[PDB]
């Protein structure tokens, strides 16, 4: 997956960003089985005041997670995952749940590329990973926290 995380500048320190990324990644792996190294968290910071709710300019305490996923998972699983991202980001960012928005979009795995390779269908990550070259496998394994 790629989780785009839209937050205000300086609302998350580097250690908070790290904690948030770990919480989202742990949730994704925990509920889908996808290896840690296949989950990206991409923080997009903007000055406070660039978010409007109902036309009302907001302070710096809002977070929008746009998760981009492969098609093929059940609505039940996606609901569980969205709920866990809400719960665990709330803890990691020390932010009330009312300030968290989470949207999941899905695309065919056949039009999703990670580490320069096309993704497998959900659930087939082990066979896919075993089929990768030694260097590729080693390079991915550097991305596990």
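Numbering follows the first chain given and starts at 1.
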Worksheet, complete the sentence: Comparing 56-64 with 33-41, the higher average Cα temperature factor in the PDB entry belongs to 33-41
Discussion item. Test of understanding: from the entry's C-alpha B-factors, which stretch has the higher mean, 116-124 or 103-111?
Written reply: 116-124
Worksheet item: With respect to C-alpha B-factor, does residue 23 fall in the lowest, middle or highest third of the chain as deposited?
Response: middle
Discussion item. Split into thirds by Cα B-factor across the chain's modelled residues, where does residue 140 land: lowest, middle or highest?
Written reply: highest
Worksheet item: In terms of the CA temperature factor given in the entry, to which third of its chain does residue 76 belong: lowest, middle or highest?
Response: lowest
